[PDB]
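Asker: Below you'll find the structure I mean.
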Amino acid sequence: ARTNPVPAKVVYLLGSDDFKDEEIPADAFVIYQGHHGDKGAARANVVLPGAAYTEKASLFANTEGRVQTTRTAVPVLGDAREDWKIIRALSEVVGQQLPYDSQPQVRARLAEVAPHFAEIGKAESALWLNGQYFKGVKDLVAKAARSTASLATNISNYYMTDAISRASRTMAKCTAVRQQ
Amino acid sequence: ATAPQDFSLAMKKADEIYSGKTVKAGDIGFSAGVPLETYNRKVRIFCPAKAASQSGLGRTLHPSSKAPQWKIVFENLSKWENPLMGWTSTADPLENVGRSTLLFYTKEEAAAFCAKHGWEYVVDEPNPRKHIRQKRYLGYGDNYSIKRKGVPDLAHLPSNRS
Amino acid sequence: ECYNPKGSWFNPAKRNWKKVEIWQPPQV
Amino acid sequence: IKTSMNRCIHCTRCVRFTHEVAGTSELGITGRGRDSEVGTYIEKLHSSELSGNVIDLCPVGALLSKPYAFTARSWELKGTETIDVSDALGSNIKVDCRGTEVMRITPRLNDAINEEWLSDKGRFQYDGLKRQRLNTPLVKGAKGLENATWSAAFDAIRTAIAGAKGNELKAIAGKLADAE
Amino acid sequence: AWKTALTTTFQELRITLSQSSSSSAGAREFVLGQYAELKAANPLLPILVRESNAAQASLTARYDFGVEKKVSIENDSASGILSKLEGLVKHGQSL
Amino acid sequence: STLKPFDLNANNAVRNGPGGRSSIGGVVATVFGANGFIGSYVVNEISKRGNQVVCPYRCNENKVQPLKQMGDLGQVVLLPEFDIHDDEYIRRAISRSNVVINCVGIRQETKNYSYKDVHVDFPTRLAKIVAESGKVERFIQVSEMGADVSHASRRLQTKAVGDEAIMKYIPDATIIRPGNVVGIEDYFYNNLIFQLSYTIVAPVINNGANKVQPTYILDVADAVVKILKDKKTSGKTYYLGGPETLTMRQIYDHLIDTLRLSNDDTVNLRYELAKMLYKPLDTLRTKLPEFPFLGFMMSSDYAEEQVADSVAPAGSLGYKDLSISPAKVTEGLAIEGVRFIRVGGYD
Amino acid sequence: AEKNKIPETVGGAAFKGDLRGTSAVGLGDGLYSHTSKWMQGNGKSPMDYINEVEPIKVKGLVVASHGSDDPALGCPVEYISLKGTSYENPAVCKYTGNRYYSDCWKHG
Ligand SMILES: NC(=O)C1=CN([C@@H]2O[C@H](COP(=O)(O)OP(=O)(O)OC[C@H]3O[C@@H](n4cnc5c(N)ncnc54)[C@H](OP(=O)(O)O)[C@@H]3O)[C@@H](O)[C@H]2O)C=CC1
Ligand code: SF4
Ligand SMILES: [Zn+2]
């Protein structure tokens, strides 16, 4: 993919409402999977409803890498489903059926791909291999050029940074109060 | 932590005098007579954390607490609104039983109960609470220490000025 | 036939007591 | 922040938090004796993004949450312990729900990650979980995105994927996508 | 020679190992000595080194269309690790 | 088994719950003729699954009492004053409804209403009113199997003409065409029993040669549900005949056997004689009110429909297309009702 | 418009530009006003009643409010600060909604 960029013909958005506009070639078939209607859903040929973090039991990794898990606080709304179930059902439909058919099997697949995912709630130390990596990428780091940009945050407004915050009325009032 | 020194004394004593006969896991669930699909439900064994609004330690696992604090809870299921009156409708028989009545002193007790009935369970230990103040404000004296701005510089003294 | 709940068929503006607003797709 | 200073017992938790932790140093006890009062002497609005924590720190309801005002009582709410996806800190939270509605979000103790503090975005973004929600599968037509069943959307995705091949299929993951 | 050919053969390479264990000592020697050379030969190839305390050492290669072959690398010297990776490359050639 | 959705547009949004009484089904139904034998079971099936049923009825509180129990609070809506000639009431009845079922029919003529009104005018008028709305997605009309334009009986001819009018206005309507329906409140076995027991002689048109395919009421009620759960069924007529084809003589004999009647009370009132005995009595019916003494059996139309074979056409849609196995009407639960009367160990 | 407006408070017992604490009731139906959610008619609302009542002048910097005239037949006793209050901007009893204002702070 990096060596030979190919104009995408079908783009799958897994909750991505912050994509750069050049990411979709504007003639691609876009599948948006997510729980709020935003820039992603507007540019979708098919929209697949999914549960939110309050409605699903899902795994997230911290900036420290500690694996933590959500619980289903409230039930799923309407004809929406858990996202992994949606992808596995689509896999059966398209003719490439995925091995897992239950949440623990998905967690076992996560444990296989990365062992720390089995250790929920515990941060696993990292072997210091950063120097060997930079010794590996010698030619590439030389390939990288210099840019006329200064090191600064990409967060313009803190209260709105994701689709949930953008929908929130309270965050909008906070932003208006700061901008007055 | 010392002792309740009340009816709980005889309660614990009845516990240690008596014991239960061992049975294979799940056998009692058949004796219970409930629908067998009940045991297909998954169990989470956890102790509630402290509410952020209040500073009492009773609900937490603390030596002050003398009440059972480990709950068996079942996963949340579908809930809807009554078309006529907007009431919250449900079809889950086990909605409130675990939160309301299934209280255990120790995690192993709840695990034993779940294994006896045949419920698959995942035990979640509470995040440890350590009552350790930071070094900056370790004590009341530290509030008015020289740490705030350093030792007072005496270069303002009239002798030092002149 | 004077008093009925607001979710009744008889009610002029019948109420579906849904607590979530649903996204309306853009036109065309 | 909603204020009822009549209910204020003159502890100094809000002032100590605003000074030591938040570091905006806006609140203080102005006055002497019984008419001593807590708050900004001028008309000022609390600027820290940790502003919500004073509400939890307040023992006697003098500082209260304006979004969560007169909406519910404590005994009515079922609390589920989950994590905050607002940022990569993974702040540990307790989501309080009545029926199918999330009513409020409050932090949990985890000395490892969030001592007991929660940012304002995470605390007050539950409002945007009721708005602009996706409930049903949508498939595009000449009339726009329209209601469709799960099977029809999967059929459309199958017809779309059949055309694409290899790197023509592209995936973009969002900020809130989970590991599974 | 064959180290150049990992990119053409493998879509990704995973090295699972234990952070501190006697079984994973050979894997640790392999990763801290040859990972830089393998990356230098195959810059754009993703070689993912993932570790946990109770993790069991393994060497997994994903070929085109999701075919994955896992090779256990436990209690094997760093040279044996290299041989096992060569065998993985040959298996990829067979496909 | 996996529950299948009611194939109605935007059902996925509204539907919620297990599918029971307290669950929400996205079907609001206006069942005309709800208080009737066929209509009550259809109302029961639709309302059982959490759906809302609007039941227009001619003022009669005691007749519509069973429909009150059918559904949860606010689900069964009973509209008090139904007239087939009143357009505004029909528009009000189907205002919120996305499916309309028409079970309104008369077995006999009276002075107030003739066959042509009920079986022709009402379907056409209702078809226009449903067509103008657009919210209604599914339309189901219930008719007899033997209904044909070239039929001697006026009832079965007017029914077919009304069905054709419905097909003209709504092209996507489904015409359910069950046979003689057997049930506890049916007019088939109950009338046959009353004929055998409280009548001086049981006249049988010809020798019972006419073939029939009786079906149980629960099967037709389930067939309605299967019609509504599939959109591919729209625009098609389904001949819901029973599992077994039986001549009328066999049914009379088997009723005599099950009831353990002393002997055969049936007589041979061949055709061309009923056509002279009942022909004036039809003119008598059209000028007099509803009278219990004479009805249904004592008409020339009944004799004309009992000289033909009311059986499903060979090439035709039926229960198999709906994946239903019809239960036999001569054995099992279907026949319990006649069984309670007498079985020879009884009284 | 009301579908994308921020819930706001008029400010009789609150401030002119604050957020209004809101539940999700009526969000599906499309109602965004407090009275619309529970009253389906076109009659006068109790808020319209309480607005019609006028603020009452009192002497002092604190007024005792019992809601009704008899203390034990109304709201709990409440002490309301009259400082910085005028006819245009009166103090409010939270239980009853009565409005009060005083000129004593201006040394009168
Ligand atoms: N043997 C059977 O039961 C079979 C029946 N069918 C057909 O199904 C339909 C109904 O079956 P069934 O229920 O047995 O017949 P019913 O007479 O038992 O039901 C008739 C319904 O239509 C209503 N109705 C009749 N005339 C009028 C009118 N002029 N104005 C308003 N409402 C009226 C009746 O209400 P009220 O009680 O006030 O008249 C009753 O609710 C008939 O068309 C019949 O041919 C199909 C196959 C076999
Ligand atoms: S924390 Fe609450 S009670 Fe304490 S001074 Fe601040 S407002 Fe008053
Ligand atoms: Zn008062």
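Residue numbers (the authors' numbering), protein chains in the order written: chain A, 541 to 720; chain B, 24 to 185; chain C, 128 to 155; chain D, 181 to 360; chain E, 2 to 96; chain F, 2 to 348; chain G, 21 to 128.
Cβ atoms here follow ideal geometry from the backbone N, Cα and C, with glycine treated the same way.
What residues match up with residue 17 (chain E) in a beta bridge as DSSP calls it?
Answerer: Mapped onto the fifth sequence, residue 17 (chain E) falls at position 16. For residue 17 (chain E), which the question treats as bridged, DSSP gives the partners E:51 and E:59.
Asker: First and last residue of the alpha helix (DSSP H) that includes residue 91 (chain E)?
Answerer: As a working note, residue 91 (chain E) is residue 90 in the fifth sequence. From DSSP, the alpha helix (DSSP H) with residue 91 (chain E) extends over 79-95.
Asker: With a threshold of 16 other CB atoms inside 10 Å of the CB of residue 76 (chain G), please say whether the residue is buried or exposed.
Answerer: On the seventh sequence, position 56 is the one that residue 76 (chain G) refers to. So residue 76 (chain G) counts as exposed.
Asker: Could you spell out where the alpha helix (DSSP H) holding residue 343 (chain D) opens and where it closes?
Answerer: Within the fourth sequence, residue 343 (chain D) is the residue found at index 163, counting from 1. Note, residue 343 (chain D): alpha helix (DSSP H), 330-343.
Asker: So is residue 334 (chain F) buried or exposed if we call it buried at 16+ other beta carbons inside 10 Å?
Answerer: Counted from its first residue, the sixth sequence places residue 334 (chain F) at position 333. Residue 334 (chain F) is exposed by the Cβ-count criterion.
Asker: Residues of chain F with CB closer than 7 angstroms to the CB of residue 619 (chain A), please, in chain order.
Answerer: For the purposes of this step, residue 619 (chain A) is taken as the residue at position 79 of the first sequence. What residue 619 (chain A) touches in chain F: 13 and 14.
Asker: Would residue 258 (chain D) count as contacting chain C if we go by Cβ distances under 8 angstroms?
Answerer: Numbered from 1 along the fourth sequence, position 78 holds the residue referred to as residue 258 (chain D). It does not: the Cβ of residue 258 (chain D) has no partner Cβ on chain C nearer than 8 angstroms.
Asker: Identify the contact partners of residue 153 (chain B) in chain A, using a Cβ-Cβ distance below 9 angstroms as the criterion.
Answerer: In the second sequence, the residue the question calls residue 153 (chain B) occupies position 130. What residue 153 (chain B) touches in chain A, judged by beta-carbon distance under 9 angstroms, is nothing: the nearest beta carbon there is about 17 angstroms away.
Asker: According to DSSP, which residues form a beta bridge with residue 352 (chain D)?
Answerer: For the purposes of this step, residue 352 (chain D) is taken as residue 172 along the fourth sequence, with counting starting at 1. Answer is A:553.
Asker: Going along the segment 142-153 of chain C in order, which residues come within less than 8 angstroms of chain D, judged by CB to CB distance?
Answerer: 146, 147, 148, 149, 150, 152 and 153
Asker: Looking only at its own chain, which residues have a Cβ that is under 7 angstroms from the Cβ of residue 71 (chain E), when we skip the five neighbours before and after it?
Answerer: Taking the first residue of the fifth sequence as position 1, residue 71 (chain E) is located at position 70. The residues are 59 and 61.
Asker: Using 8 angstroms as the limit for Cβ to Cβ distance, is residue 104 (chain B) near chain C?
Answerer: Within the second sequence, residue 104 (chain B) is the residue found at index 81, counting from 1. Yes, contact with chain C.
Asker: Hey, quick one: how far does the beta strand (DSSP E) through residue 599 (chain A) stretch, first residue to last?
Answerer: By 1-based counting over the first sequence, the position of residue 599 (chain A) is 59. Residues 599-601.
Asker: At a cut-off of 7 angstroms, would you count residue 69 (chain G) as near ligand 3, judging by its Cβ distance to the nearest heavy atom?
Answerer: As a first step, residue 69 (chain G) must be located in the seventh sequence, where it is residue number 49. Answer for residue 69 (chain G): no, Cβ out of range of ligand 3.
Asker: Which runs of the alpha helix (DSSP H) spanning at least 4 residues fall entirely within the segment 118-152 of chain F, listed in chain order?
Answerer: 123-134
Asker: Identify which residue in G:55, G:104 and G:93 has its Cα closest to the Cα of residue 69 (chain G).
Answerer: In the seventh sequence, residue 69 (chain G) corresponds to position 49, counting from 1. Cα-wise, what sits closest to residue 69 (chain G) is G:55.
Asker: How long is the line joining the alpha carbons of residue 96 (chain E) and residue 65 (chain E), rounded to whole angstroms?
Answerer: One-based indexing of the fifth sequence puts residue 96 (chain E) at position 95. One-based indexing of the fifth sequence puts residue 65 (chain E) at position 64. The straight-line gap from Cα to Cα measures roughly 9 angstroms.
Asker: Given that a residue counts as buried once 16 or more other Cβ atoms are within 10 Å of its Cβ, and exposed if not, what is residue 719 (chain A)?
Answerer: One-based indexing of the first sequence puts residue 719 (chain A) at position 179. Classification for residue 719 (chain A): exposed.
Asker: Report the rounded CA-to-CA distance for residue 622 (chain A) versus residue 294 (chain D), giving the unit in angstroms.
Answerer: In the first sequence, residue 622 (chain A) corresponds to position 82, counting from 1. In the fourth sequence, residue 294 (chain D) corresponds to position 114, counting from 1. Rounded to whole angstroms, residue 622 (chain A) to residue 294 (chain D) spans 28 angstroms at the Cα level.
Asker: Between residue 620 (chain A) and residue 591 (chain A), which are expected to be in contact by the criterion C-beta below 8 angstroms, what is the C-beta distance as a whole number of angstroms?
Answerer: The count along the first sequence starts at 1 and reaches residue 620 (chain A) at position 80. The count along the first sequence starts at 1 and reaches residue 591 (chain A) at position 51. Yes, they are in contact, since the Cβ atoms of residue 620 (chain A) and residue 591 (chain A) sit about 6 angstroms apart, within 8 angstroms.
Asker: Got a sec: which bits of the segment 317-335 of chain D sit with their beta carbon under 7 angstroms from any beta carbon on chain C, in order along the chain?
Answerer: So the close ones are 318, 324 and 325.
Asker: How is the alpha helix (DSSP H) around residue 624 (chain A) delimited, first residue to last?
Answerer: Here residue 624 (chain A) corresponds to residue number 84 of the first sequence, with the count starting at 1. First-last of the alpha helix (DSSP H) with residue 624 (chain A): 623-634.
Asker: Is it buried or exposed for residue 133 (chain F), if we count other Cβ within 10 angstroms and need 16 for buried?
Answerer: Reading the sixth sequence from its first residue, position 132 is the one you call residue 133 (chain F). With fewer than 16 other Cβ atoms within 10 Å, it is exposed.
Asker: Could you tell me which chain F residues have their CB closer than 8 angstroms to the CB of residue 59 (chain B), listed as they occur along the chain?
Answerer: Within the second sequence, the letter at position 36 stands for residue 59 (chain B). Here the premise fails: no neighbours, minimum Cβ distance about 18 angstroms.
Asker: Just to confirm, is the Cβ distance from residue 600 (chain A) to residue 358 (chain D) under 8 angstroms?
Answerer: The residue you call residue 600 (chain A) lines up with position 60 of the first sequence. The residue you call residue 358 (chain D) lines up with position 178 of the fourth sequence. Yes, these two residues count as a Cβ contact at 8 angstroms.
Asker: Which chain A residues sit within Cβ distance under 7 angstroms of residue 39 (chain G)?
Answerer: Residue mapping note: residue 39 (chain G) aligns to position 19 of the seventh sequence, counting from 1. Correct list: 710 and 713.
Asker: Can you check whether the CB of residue 82 (chain G) is closer than 8 angstroms to the CB of residue 51 (chain G)?
Answerer: As a first step, residue 51 (chain G) is located in the seventh sequence; it is residue number 31 there, counting from the start. As a first step, residue 82 (chain G) is located in the seventh sequence; it is residue number 62 there, counting from the start. Their beta carbons are not under 8 angstroms apart, which means residue 51 (chain G) does not touch residue 82 (chain G) by this criterion.
Asker: Give me the chain F residues within the contact set of residue 315 (chain D), using Cβ-Cβ distance strictly less than 9 angstroms, ordered along the chain.
Answerer: The count along the fourth sequence starts at 1 and reaches residue 315 (chain D) at position 135. Those are 13 and 14, listed as they occur along chain F.
Asker: For residue 76 (chain G), which three-state DSSP category applies?
Answerer: Position 56 of the seventh sequence holds residue 76 (chain G). Strand at residue 76 (chain G).
Asker: Using 8 angstroms for Cβ pairs, my map puts residue 193 (chain F) next to residue 278 (chain F). What's the rounded Cβ distance?
Answerer: Here residue 193 (chain F) corresponds to residue number 192 of the sixth sequence, with the count starting at 1. Here residue 278 (chain F) corresponds to residue number 277 of the sixth sequence, with the count starting at 1. Not a contact, Cβ separation roughly 19 angstroms.
Asker: Which runs of the beta strand (DSSP E), 3 residues or longer, sit entirely within the segment 662-717 of chain A?
Answerer: Qualifying beta strand (DSSP E) stretches: none in this window.
Asker: May I ask you to list the residues that DSSP assigns as paired with residue 349 (chain F)?
Answerer: There is no way to answer for residue 349 (chain F), as the model of chain F reaches only from 2 to 348.
Asker: Based on DSSP bridge pairs, tell me the residues matched to residue 572 (chain A).
Answerer: Taking the first sequence and counting its residues from 1, one reaches residue 572 (chain A) at position 32. Bridge partners of residue 572 (chain A): A:553 and A:587.
Asker: Sorry if obvious, but does the Cβ on residue 226 (chain D) come closer than 7 angstroms to a heavy atom of ligand 2?
Answerer: The residue you call residue 226 (chain D) lines up with position 46 of the fourth sequence. Flag unset: Cβ of residue 226 (chain D) not near ligand 2.
Asker: Secondary structure at residue 9 (chain E), three-state DSSP: helix, strand or coil?
Answerer: Here residue 9 (chain E) refers to the residue found at position 8 when the fifth sequence is read from its first residue. Correct three-state label for residue 9 (chain E): helix.
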